Each structure stands twice: as structure tokens, then as C-alpha cells.
Amino acid sequence: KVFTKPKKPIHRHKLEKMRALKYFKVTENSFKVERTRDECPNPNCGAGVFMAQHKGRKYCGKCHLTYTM
Amino acid sequence: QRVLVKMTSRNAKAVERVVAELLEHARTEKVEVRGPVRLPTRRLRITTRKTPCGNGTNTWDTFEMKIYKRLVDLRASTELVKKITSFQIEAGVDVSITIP
Amino acid sequence: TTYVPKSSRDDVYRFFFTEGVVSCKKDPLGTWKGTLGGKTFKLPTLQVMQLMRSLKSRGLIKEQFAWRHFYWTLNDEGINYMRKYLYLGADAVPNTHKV
Amino acid sequence: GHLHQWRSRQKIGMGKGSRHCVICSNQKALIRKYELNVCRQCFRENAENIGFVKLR
Amino acid sequence: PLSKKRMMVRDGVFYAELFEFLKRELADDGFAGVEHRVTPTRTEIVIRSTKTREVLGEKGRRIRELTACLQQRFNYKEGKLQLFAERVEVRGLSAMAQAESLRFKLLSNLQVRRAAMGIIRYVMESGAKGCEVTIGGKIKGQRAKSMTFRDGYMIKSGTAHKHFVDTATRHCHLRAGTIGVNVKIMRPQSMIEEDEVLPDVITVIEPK
RNA sequence: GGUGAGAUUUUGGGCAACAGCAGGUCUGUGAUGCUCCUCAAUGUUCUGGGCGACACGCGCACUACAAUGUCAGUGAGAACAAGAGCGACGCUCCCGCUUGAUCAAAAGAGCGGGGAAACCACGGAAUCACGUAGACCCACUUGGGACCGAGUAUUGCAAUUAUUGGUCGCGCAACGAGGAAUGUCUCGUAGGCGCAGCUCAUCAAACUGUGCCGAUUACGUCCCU
RNA sequence: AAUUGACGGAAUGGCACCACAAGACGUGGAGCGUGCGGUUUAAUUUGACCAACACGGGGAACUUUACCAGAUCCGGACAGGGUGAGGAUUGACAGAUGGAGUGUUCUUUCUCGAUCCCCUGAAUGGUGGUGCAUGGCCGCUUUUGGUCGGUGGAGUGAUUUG
Ligand SMILES: [K+]
Ligand SMILES: [K+]
Ligand SMILES: [K+]
Ligand SMILES: [K+]
Ligand SMILES: [K+]
Ligand SMILES: [K+]
Ligand SMILES: [K+]
Ligand SMILES: [K+]
Ligand SMILES: [Mg+2]
Ligand SMILES: [Mg+2]
Ligand SMILES: [Mg+2]
Ligand SMILES: [Mg+2]
Ligand SMILES: [Mg+2]
Ligand SMILES: [Mg+2]
Ligand SMILES: [Mg+2]
Ligand SMILES: [Mg+2]
Ligand SMILES: [Mg+2]
Ligand SMILES: [Mg+2]
Ligand SMILES: [Mg+2]
Ligand SMILES: [Mg+2]
Ligand SMILES: [Mg+2]
Ligand SMILES: [Mg+2]
Ligand SMILES: [Mg+2]
Ligand SMILES: [Mg+2]
Ligand SMILES: [Mg+2]
Ligand SMILES: [Mg+2]
Ligand SMILES: [Mg+2]
Ligand SMILES: [Zn+2]
């Protein structure tokens, strides 16, 4: 009846407002658009999936494939 | 031993009518038959306590199922066998045809 | 596992309307199989139960149960709802409605 | 990884906990003879329809 | 290939489940039994009923719904299962039909004695040799009891009474608890085989 | 008494009226009224413990206290039954014959059979028998096998609080026929002896059946209940 | 004062190896297996006291499991209000945290894309209680020979005859 421990928090999803403004850079060079992230080489993922680029590793959201520097 | 016809059922009367009328078709065509063989009859048994809770005198129930089997041997050409056994079967009788 | 993707919901609804009856087995570790003119599809048993439970809370489903098995049938209100949802023509009816 | 843990032991499929009565899903006092898998209380009610008769 | 004794058990288990599914579904309609037969081309199932039109439904909608239920449950191939409906010649000689009719009357807030006497009177007019209706539960206030209503002949011992007496039991769920009803009907002629005499009746033929 | 395979409900079962009991079961059910909990849950799942823990009292079994025996050999000999499609390309159950084997049991491995009157199987069960010219000789003894130590193989995802089998030790643990009291039983029965099914991945001193050897006493009474 | 039961160390006639007589083999004394009580325990889950006690088909390693110490999930449908494609929400590699080299939660930033999320009602599930609120089933009274109307007779009547 007495727990003697702090209550479990619940995770909840962190919101990145306008997250799609990153991953894309446009230059005047009519504009030229290039991607600032790398795509997952896994065949099942495709060209629409990006890599997390953590501080020290690159991570895929769905395949969970990781590349460490 | 060209064709073996095996019939099994849980109804004694039903399995006898199927055997008798099958012999009727064979005789009406004049195909030789080795007389029907009455294989041993089997009894399946299950014994359980009568009570649903386990109180009182320990009494038991015995349940039984009887299975009857008959065997008929026919020596006839290929297309003749299908004609002989084409008739419809009563409910609850299983008929199998085997070529040894 | 009770989180139903939209694609699976549409396939189950389309199978339901075409046949008019869906039968399932009460088993948490189970898989439900169905076909839509060939092209068989599968989804967990828990997702099928969630979709039918929501439909039954609304007045669109009749339910029966016997020997660890569900039996679901669409009624007239459910037929109307499924027609708007799937964007079918007003002349469309399930099977078992055709002689 | 909570879904990998959700019903891990029930997925193994061995012992008394993997068998259910095919009528009521109870796990106590099953009749496994001839692969019936019916509990002893449900068998007495459905024995006539299955085909068992009290004679002796 | 399963052995013969395993196949016989499997057929009995299939029939018991089909019987239970039909009596739950076809409750509130006259349900009297089901016959199942296997043919080389398909499988035929005949449903006996007192209200055949209720079983069939508009056109054949209800009977086609029942076919779709069974086909999916037992993985029957398309065109390999067929269902039929036939009517009972005498409705009043069916214990299953009478028990479900009594349960409907009790749910409709009727007096226990008046409801029971109605079923017995109808059965006797139908041509039965005897009838027995038993009701038990909280018929009065807060303390359970049971009543019985009888008419005509009835036999209770031996084995021959199973060929002549038809019985059925049902549960009625009222707002204060459950009430059970049991109906027994003694029929002329045997349910197993016709032209069968009673076990202890001797007749002497008149001389020519 | 006769006739008879059988001579009195033929012998064993199953079924079994009318009235009841505050007998048992809400731990069988998608039987069920009121009531309680209901998102740090009395729902559900996962990990680990417990249900068995031990100064004692009681019911029911198994093994004995030995010679009408124990041990070691040889001989003949039954019935009821059972057996295979989730998780790992078929398979998954039950058996037999070889081999392992130029050296224990228990294993392991090849080749086959059976959907069961077609395999196991000519179904080599244990009491039993033997003129076996076998061992022991009245003692807690080669009676009895509790308790405990050490090595091994198998079932299982997991064997410690020993799963089970097999091997060598321990046998100096009681026990030498059991006070008052008390159970069941009348003919293929009592008692004795094993075997199968069931529960079952692995475990039967239990229960449900089956056969084998096979008696003494009574054919009455209302003294006790 | 009468009637029906029950009872009597009051009579009459019968019956039963769950009674005895004539006997057989045992149990009660020993070791051990199992069930019950008690004691112990975080917990040793619990029903039942001739007609409970190898009974609940109850020979429980995990599961079973109902008890104890902890950790997860929503399987709270549906209705109303609110956030919400300028993103409501799901999942997760690596490091710490938890017993836990398959995100329980935290740091980090990818993935999914209206399936949810927060609040209020309601609803579900429960081997939770109550068998003295019940149905069904079973045991026992009770292994013996017993039970009931219709019409008629007797009695003011309860009742009796049959
Ligand atoms: K209840
Ligand atoms: K116990
Ligand atoms: K005791
Ligand atoms: K037992
Ligand atoms: K007498
Ligand atoms: K008794
Ligand atoms: K009761
Ligand atoms: K009278
Ligand atoms: Mg009679
Ligand atoms: Mg009789
Ligand atoms: Mg010895
Ligand atoms: Mg040894
Ligand atoms: Mg030893
Ligand atoms: Mg010694
Ligand atoms: Mg007086
Ligand atoms: Mg006595
Ligand atoms: Mg003793
Ligand atoms: Mg008694
Ligand atoms: Mg054990
Ligand atoms: Mg646990
Ligand atoms: Mg629970
Ligand atoms: Mg429940
Ligand atoms: Mg009660
Ligand atoms: Mg009650
Ligand atoms: Mg009671
Ligand atoms: Mg008795
Ligand atoms: Mg009178
Ligand atoms: Zn990827």
C-alpha cells in the first residue's frame, strides 16, 4: 500500500514542430534542393526513409540499422 | 483379390442394409463375390465421476460406443466396380474401396 | 496489437460486405485469414475482435457465440453504413442477398 | 520490447497450461482419450450427441 | 489417414458442435433437430422446425447467412455445403419446441400455473399419451421452490422409456434470477422404430 | 431329486416412484440476481518464491517381521487394451531386427513395420514347476530395506528444495506377529499374483478394467446395530 | 377432547454379512507413501468434518494458480468536451536505470501517420463475496417396498376407507 519509490512517468511523444524544414536545403544556384540526411540502404526501406544522425552514430527509424563512427 | 470394400458404422441395422443391397447389385450383374466378413466389433469406453464438485459417495458413469465393420471382396473389371458401388449410402455409414 | 492500421480495417470491411458474415475463434495468440477474389490477407485475431466490438457498440452488428467461436452478421443499418464508408453504389448488396 | 515479453511463456505450448476444453476453455480435468479434449463436466452433458451410450 | 475409431469420434464431435450452434441461433424459432448426411458431391444438412418461414427468412436470406457461418467455421469449399429446412408434422409432440415456447411465455411476465397449464392442454390435444411440466426457482418471493403439473400416462424406469418419452430443459433469465423449465412428452409409437409395442403389454389375437 | 450347458429374479450390472435436506458445488461453462475492485487494478502478463515447510494427534495404502523361506539357475505358460499433424524440409505416436561389442548397466546409431483381427505377435506376465542329487540352517541371520555418500545417462526452455532410470557402498533403522477398539466378505467368491488404460514432456505405494492360482465356514437368527 | 407424525430401557410379524451367529483375511503395534488438524511462515491459496480425511478425477519444477515479493499491458467499447496534417499518435538502435546486451522510464532523433491522447460518464473482465438469493447436476434420507388422484361410503372438522 506504500511504495517508497517515485511514480512511473509515462513516455509521451516529443513534438518537433515543422520537422520537415530540415532534411532539405534549397540554394539559389530556379532553386536546387538537396537532402541533408542519408537514406537507409536497406531495400525494404526505400528512398523516403532517413537516418537519425545521432552524436556518434547513424540510426534508421524503422529498420533499426545502426552505423557507428 | 481385386477390389476390397470395407464398410463401418455405429448403427448395426444401417450397416447390414448397405451390405445386403450391395450384394444385390453384384448378383444382379453376376459378378463373383467372396461372402461378407464380420470383423470383430469394438467398444470404446470412458468412465467419469458423476458429480461436478467432488462430494458424497464416489460414483461413476460408464459410456460405450460400438463400431461395426464389414468386408466384401469383389473380382470385377475396372469400370464394372464403379457401376456396382455408384448407389447412394445411408447416413452414418462410411464406405471405402481399396485395391490390394 | 489492438492498434489497427487503416489498410487492414478497409480489407476487413470489404470482406465483411462481400460475404455478409465473419467467423472468428477466441484465441489471443491467433491469426485470422481471408481472401478477396484471391489475394489472401492475414491479421491478428485481436484486431478483428476490436473492429467487431466497435461495430457492435453501434447498432450495426448482430453477434452470436458458441464453442469458442464468434459469428458476426450485418443488419440493414450496418449495410447502409458500409456502403457510404466504402463508396459503393446504391445498388450494391452483400452476398446472401442474391438468389 | 514489452510486446516480446507479453505472452512469452504461453507461446511455448507445453504442459497443463497449453490445453483447453474445446467447449468451455477450462483447463481442469480434461479427457484426452481418442483426442477428445473435453472436460469431464462438459462430456457428461454432450455424451449423447457425440455418440456414447450408458448400457452397463 | 486417420484410423476408423478416430474418424468416428471426430464425426460425433462435429455433430455436437453443429447442434449447439443451431439451438443458440434458432432460439425464438421452432428448432426440433438437425440431420447431417455426407454425399460424394456435397454435404447436406436438414433443419427440422415448427416455423419454417422464420428459419428461411425473406426469400432465403436467413438460410444463406447460416450457410456462410458454417462454411467459414469448418473451412468448407464453395459449393460443397447445402442446407435445407423442413417442417414438423405435429408441433405439439416436440419437447424442444414446447420448452422454448414456455420460456418465451415466462419472459413475457405470465403466471406460472397459467403458462404451464396452457402447454399441457395443447400437448394433450395434439395426441400425446401424457405430459409433465416442471418449473423451479424463485417463483414466489425470495425463497426457491418447485411445482409439477401432470396429465396422462408416463413411465420413468427401465430402458424402454427412452424410446417413448421426449424431454428437454431450458433456462429462463428473469430480472431476479434464473428459472428452469423441463418438459416431458409421452408419445404414441416409438421415436426409434415404428410399430414397436410397449415393453410390458400383451395382446391376444382374436380367433378367426 | 430329475432333465439338462445352465434349475431358480439363471449369474452380474444399468435404469428406478412420491416427498424432502437451508447436504455439496457461484474453483466446469459465453449458467446466473444483488454486491465489491476497476489504469501504481482483486483485470492481464512476465521474473522469482510457496502450495512439500516439522517438537506432535488422526484416516487410508505399500513393505515386512522369514524355512509353507531368501538367493542363483532351468521349464511351461494369460486376458482387457493403446498407438502419429501450436513451436521446432518432411517429420512429431507405438514398436521390431541388427549394430554398438577385440568387452557393465543405462545410452547412441542404421534398416524397417503399423491408421491397428494384416505391425508389435506363435502376444514367452507374475504367483507356479523342477529326481536342480544348487547355496543358506533358527540368528535381527544371505530375514527387512529405512536412512545416507560417490560416479553416470536420459526428459525438459529450466532438475538446487535430490524429476527419473542404472552402478558400487551404508544395512549396528525399527520390526521376532502387534492392548482396548475395529473393516469387508457366501463361489471361479475371499485371499494371493501380476498386466493394461488413465493422469502423462518426465514421474503410480492412487483409481478404472483385465486375466492367473484358488480355499475354510454358514444354507441360520433377531442376541447387538 | 380428538387427528397426523416422531419417539419408547411397551407388544406382534418379518428382513439385512454397510447386522450378528460359524469362520476367513486384515486395520489398531514398526518403517515408509499420501490426505486432514496443529505449529511455523512473506506466503505456506482454498472446499468438505454414517453421508469430511489416495475426495474436489487435486500424481502442483515453470504454466496450471486461485497465495507472497516486485515489474509490464489496456483487452476503459461507446457518448460529450479539448489538443490535433503548421502533425493527434505508434515503435525503436546506442548509453545509463529496473532482476532483465528486445525503449518500463530517461538522454538523443529518426520512424508511423488520424487507428489514438487528456477530462467527465458509462462499460468491460474477475478461480472476488454470498450455495442461507438461484438454475443444472450430484449425494443422502432408502436398497427397502413404497406413493397418488376420480367417483362413492364415515366424521362439525383436521382426517379416514380404498
Ligand atoms: K455469482
Ligand atoms: K495439497
Ligand atoms: K483427521
Ligand atoms: K488421485
Ligand atoms: K412381507
Ligand atoms: K452406504
Ligand atoms: K442447488
Ligand atoms: K376419496
Ligand atoms: Mg413400470
Ligand atoms: Mg426393474
Ligand atoms: Mg534381502
Ligand atoms: Mg545398484
Ligand atoms: Mg543401492
Ligand atoms: Mg542383516
Ligand atoms: Mg390429551
Ligand atoms: Mg459396522
Ligand atoms: Mg500402523
Ligand atoms: Mg446408509
Ligand atoms: Mg509431481
Ligand atoms: Mg507465476
Ligand atoms: Mg486473476
Ligand atoms: Mg467466471
Ligand atoms: Mg443455493
Ligand atoms: Mg443460495
Ligand atoms: Mg444447499
Ligand atoms: Mg444408499
Ligand atoms: Mg370424499
Ligand atoms: Zn531501415
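Here is how names work: the chains are called A, B, and so on, in the same order as the sequence lines, proteins then strands, and each is numbered from 1.
F:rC147 and F:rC172 have their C1' atoms separated by 13 Å, given to the nearest Å.
With the cut-off at 3.5 Å for both distances, F:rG6 forms no Watson-Crick or G-U wobble pair with G:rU90. In this structure F:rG77 is not paired with F:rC175, as neither the Watson-Crick nor the G-U wobble definition is met at both distances under 3.5 Å. Taking 3.5 Å as the upper bound for both contacts, F:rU182 pairs with G:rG26 in Watson-Crick or G-U wobble fashion. Applying the 3.5 Å cutoff to both bonds, F:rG28 and G:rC36 do not register as a Watson-Crick or G-U wobble pair. No Watson-Crick or G-U wobble pair links F:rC111 with F:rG149 when both atom distances must be under 3.5 Å.
A residue-by-residue look at C:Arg53 and D:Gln27 shows that D:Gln27 has its nearest nucleotide of RNA chain G further toward the 5' end. If you find the closest nucleotide of RNA chain F to B:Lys69 and to D:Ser8, the one lying nearer the 5' end belongs to D:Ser8. When each of A:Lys7 and C:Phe70 is assigned the nucleotide of RNA chain F bearing its nearest heavy atom, the one mapping closer to the 5' terminus is C:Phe70. Nearest-nucleotide assignment on RNA chain G puts the 5′-proximal partner with A:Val49, out of A:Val49 and E:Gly180.
Stacking fails between G:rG145 and G:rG146 under the rule that six-membered ring centres lie under 5.5 Å apart and planes differ by under 30°. Remark: bases of strand neighbours F:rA118 and F:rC119 are unstacked by the 5.5 Å centre distance and 30° plane angle definition. In this strand, G:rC53 does not stack on its neighbour G:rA54 by the test of ring centres under 5.5 angstrom and planes under 30 degrees. Adjacent nucleotides G:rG121 and G:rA122 have six-membered base rings whose centres lie under 5.5 Å apart with planes inclined under 30°, meeting the stacking criterion. Consecutive residues G:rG47 and G:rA48 stack, with base ring centres under 5.5 Å apart and planes meeting at under 30°.
A close approach under 4.0 Å does occur between a side-chain nitrogen or oxygen of D:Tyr34 and OP1 or OP2 of F:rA82. Distances shown here put a side-chain N or O of D:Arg32 below 4.0 Å from the OP1 or OP2 atom of F:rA201. Contact annotation: A:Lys17 side-chain N/O to G:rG87 OP1/OP2 distance is under 4.0 Å.
Here the two rings, on C:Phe17 and C:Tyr85, have centers that are 6.0 Å apart or farther.
Nucleotide G:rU151 is shown with an anti base, its glycosidic torsion being more than 90° from 0.
Using a 4.0 Å heavy-atom distance criterion, E:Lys162 is classed as making no nucleic acid contact.
The side-chain ring of A:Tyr59 is not stacked on the base of G:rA94, judged by centre separation under 5.5 angstrom and plane angle under 30 degrees. For the pair D:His4 and G:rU102, the ring geometry qualifies as stacking, because the centroid separation is below 5.5 Å while the planes lie within an angle under 30°.
Classified by interplanar angle (parallel below 30°, tilted 30° to 60°, perpendicular above 60°), the ring pair E:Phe74/E:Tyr76 is perpendicular. Ring planes of C:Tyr71 and E:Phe21: tilted class, angle from 30 to 60°. Ring-plane geometry between A:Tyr59 and A:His54 is classed as tilted, the angle between the planes lying from 30 to 60 degrees on a 0 to 90 degree scale.
What separates CZ of E:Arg143 from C1' of G:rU134 is a distance of 12 Å, to the nearest Å. Here the P atom of nucleotide G:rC93 and the NZ atom of A:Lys62 are 16 Å apart, to the nearest Å.
Summarising the base pairing, G:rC117 is matched to G:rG82 through a Watson-Crick or G-U wobble pair whose two defining distances lie under 3.5 Å.
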Inset, instruction - In sequence, state the C-alpha distance, the side-chain angles, and the governing distance for E:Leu107 and E:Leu174, and then conclude on side-chain contact (heavy atoms from CB on, under 4.5 Å). - result: CA-CA 7 Å; E:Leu107 279 158; E:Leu174 310 189; 3.7 Å; yes
